[PDB]
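As structure tokens, the next two blocks hold two forms of the same chain, structure 1 and structure 2.
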Structure 1
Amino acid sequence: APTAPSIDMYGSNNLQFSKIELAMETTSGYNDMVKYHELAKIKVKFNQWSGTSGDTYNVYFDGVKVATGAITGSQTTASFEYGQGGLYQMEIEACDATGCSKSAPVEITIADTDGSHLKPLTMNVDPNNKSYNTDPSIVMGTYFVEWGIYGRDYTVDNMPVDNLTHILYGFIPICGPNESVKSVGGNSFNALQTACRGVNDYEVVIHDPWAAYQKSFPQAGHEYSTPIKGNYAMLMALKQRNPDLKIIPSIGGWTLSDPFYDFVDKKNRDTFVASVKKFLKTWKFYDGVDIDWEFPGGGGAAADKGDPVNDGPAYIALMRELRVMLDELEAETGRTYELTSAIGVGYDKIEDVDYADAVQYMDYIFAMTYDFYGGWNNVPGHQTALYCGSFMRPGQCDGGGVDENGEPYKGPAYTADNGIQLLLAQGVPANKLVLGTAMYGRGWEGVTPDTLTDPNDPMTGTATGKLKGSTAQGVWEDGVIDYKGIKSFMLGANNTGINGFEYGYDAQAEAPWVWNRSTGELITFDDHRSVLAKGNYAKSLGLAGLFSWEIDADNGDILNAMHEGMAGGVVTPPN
């Protein structure tokens, strides 16, 4: 028989092959950094120095023949293409009329972006996240933010994945007009300019390729030479651990919505929709797309954008067009892909979209039932309440009243139930609506007792400015604090108040607060009680479930309460 091939490990890239080429140690345009191949090119060098070399080689993976070719003398390169990622035991055989001889087996890795070559992720979850048996029909969602791996030190293996059905990855930008990004300062705008170099306007890109696929995480077993690293390789490994998890890219958000206002022109929708199809073929761990346009009709970060007449019909066409495209991917892959969107729930945001038309294309609407009041002005209120608080004036709740100047309210007050009932009354099915819960507070300073019109209720006071604090306290920007910061610096373990704060609860609104009467610091947030009230409300109305912004800011208490409030319930999944 021929001499047995001897595989040259170093001549064959130590047997690590990848369907995706990702630039490392540089930051450039997205199309220069990312290249995806439907088939990996596998080149393996072998030699047969003594004896006869034979005529033909065969390559086997786990005992099954996957390639064949000609022997070229004493040194041959087996060259072939292969579609399915994975880890395989490879043998190379050489054959002639006298028989065949085979190399020892050796492990070959074929990387792909579904994580098929990866072991299940090793988790490091805070043990305060508890175990539940929530019915699998109920949505339990959260947002994981790409920049959370910096100062916030919160990585994919920290997520309590057994307690989640959906992870929304915040946020994928659209190339084009993006002046709103300059509002976060730092390098965010400039990093987008880099990512969009050589990219057509209105196509998606990865904003931070260091966080997404270059950074080596030692807890994931990454090495500097591993072909896919970053949060994306950890999400691939997380999907190997929890295969029924849905991981969905969230496009837009508050700072990254400016390009959506040009989707009134179909040509820019077509560009965008094609880029999303390419994105989901490239990054196969993702299960759909979430569109967080804030907001049709305006009222978001860009003060000079928003068209109440035309943005709603653009949003609806976008959804129609994205569902056509996802149906093509389902035909191609045999997989199911979801289309979702996070939406404003003030009456003046809902009135700009005919959701009865849009929602026929969509699996879920993540209703943003939070940010109703906040440090952008000096008016206290409940930022994430179900119902109207004691602080509101007569006729403020339903908008029939007048304000303190005698001016008509323009619509119903900002509460979760006022927005859910506006959506239901126009025919959006309850089982497509997912109710938002806040894992953060918004707050003020200067709300001292002398400013209250009702002494029992600090939401009747007036602020002098935003809450101020440090990042160790969970205050990453003025006026906003992580829930785990409120728990460590204002509630304490018994939930009865520390550091001069007192806890209170508006039982009408279903909304908690902490208030330091000395500093006038007042913070509106969600807590165990108010999250249990949201789960009861969701069960009462047959909503799809609950989601939360943002998972790094919880200590486990808010996701635990999301599950606790849903116990016993089931829902009909949308078809």
Structure 2
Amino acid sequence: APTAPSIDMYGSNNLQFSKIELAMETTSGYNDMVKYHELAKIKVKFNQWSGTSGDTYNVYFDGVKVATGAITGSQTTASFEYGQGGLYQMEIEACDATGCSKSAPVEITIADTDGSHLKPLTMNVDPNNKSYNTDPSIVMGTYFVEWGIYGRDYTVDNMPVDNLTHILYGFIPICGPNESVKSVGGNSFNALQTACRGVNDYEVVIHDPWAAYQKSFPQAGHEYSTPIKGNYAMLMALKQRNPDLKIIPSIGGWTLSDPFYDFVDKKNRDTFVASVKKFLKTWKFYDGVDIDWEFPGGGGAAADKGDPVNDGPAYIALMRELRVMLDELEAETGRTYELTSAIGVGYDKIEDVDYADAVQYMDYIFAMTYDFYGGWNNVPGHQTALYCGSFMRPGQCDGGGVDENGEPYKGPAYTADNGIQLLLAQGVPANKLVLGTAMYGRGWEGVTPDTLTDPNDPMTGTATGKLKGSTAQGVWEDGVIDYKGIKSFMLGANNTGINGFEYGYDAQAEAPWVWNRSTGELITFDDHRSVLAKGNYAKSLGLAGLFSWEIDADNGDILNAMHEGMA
């Protein structure tokens, strides 16, 4: 018989609560911006302007009483703590001696980072991505990059999630020496320096909090009071849609690997592994960790780093220590966590680590079978070929020959099969190796016909510099072009070449190219045919599956081909 309470939406923060507290309007150090709590604090204001208010209130979630307290006149605040994320129908009841009266139910959101409060994400996928019935044992992975939401305009709801088993989210940085990030730009370095304020060196952080959790995506229903936004709330909603999908944070990559070279000291590995455990406890939708150190022994972005004696053993120790930590998380949560790594596949990278030893701790190695040639120099070659191409000289495939200046090759040529064969020769099990496909080309200009030593093969020519182009054509950085740009502006609908380009295919290498003889523009890439060849090779050798880099650059053709090739 008191008056039933009426809920004051606005003084109750629109009924948006959360276990994780996230700064939304400011940017500072990671430990200042992100605070995970075991209990969310819930504060709901209600009023009883007519009749009598009663003495006590009870708050119910789905019919279960979760809080109680005293009615305070015509407006009352119920404050309490709650440990379980979800969406609940809340009623508030007011009671006295003459009876109790309940409010109408209202939905309350209690966010947690497994997405338990979120409906399955609504997808917006290009319908060129087709449907397949691939064996669910086969890895079909891709990388999604955090910055793809800026000029590339490629968001989580654009991914063809039903054709993926693993999404690798690139990239999570490690606080410490990171001068290589300046090659991306000063704002990107500054973002990392801001994130690491108040954070110990060797701990992980989020590089761009705006893209990870602050930015409102209207396609995901985000609003002002949504407690978790950004890419991460979308990946939480994607996991609600596809609960068997593995989403794994990738630490490192080309510009973010400089801290790994300090892991020869165990104290820094210990700091790092602890920080990864804290990161996975904070962002519960992640299913493991991918380590992308480029590269133990050196040969990455920082020319002055790399210890070929001590980096391999440090890498193996890091994989052992990560697996010990992840087994602790499995015991605490009842979940399974995976440990993986993307690795270089030149002979010079593979010789610097004993992968037979490291891989006993790992679920998968993502073999980076791409970037063998590129616009960093003027030497054309197939960047992601399976086998040795027609352009290679006598003795170059195996490495016992000499170059066109008479200088001895130092090891086997850069092809995907030379790298796979060296990993298998070490003792790495085939069923843990995942072979890489490129969803982009690399390219040059100035490869004119008079530079070719073999006039049917422009990979025997010589370039004058990097491919240039607009972002409209998929050229975000000189020398690199998205596959979907190559298909729209170089291949055309018949795949034979448009806009002055002709398509070619090295049937021995398994490698496509497009060449404009007028501008000497040449691009090396992966296409439907080379990807089918990679699938056949993975089937033949019993590999774990395929992965691609990076998903925003595909128009569906490459992922469709990965499925067709593994069928």
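Each form is matched to the other, and the largest set of C-alpha atoms that superpose within 1.5 Å is called the rigid core. Reference numbering: structure 1, starting with residue 1.
No residue in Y82, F279, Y154, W254 other than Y82 shows a CA shift of 2 angstroms or more between the two structures after fitting the rigid core.
Note on conformational change between the two structures: the chain splits into two rigid parts whose relative rotation, smaller against larger from C-alpha fits, is 15 degrees. Taking the core as the reference frame, the CA atom of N494 shifts 1.1 angstrom between the two structures. Taking the rigid core as reference, the CA displacement of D55 between the two structures comes to 8.0 Å. For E179, the Cα deviation between the two structures after core superposition amounts to 0.2 Å.
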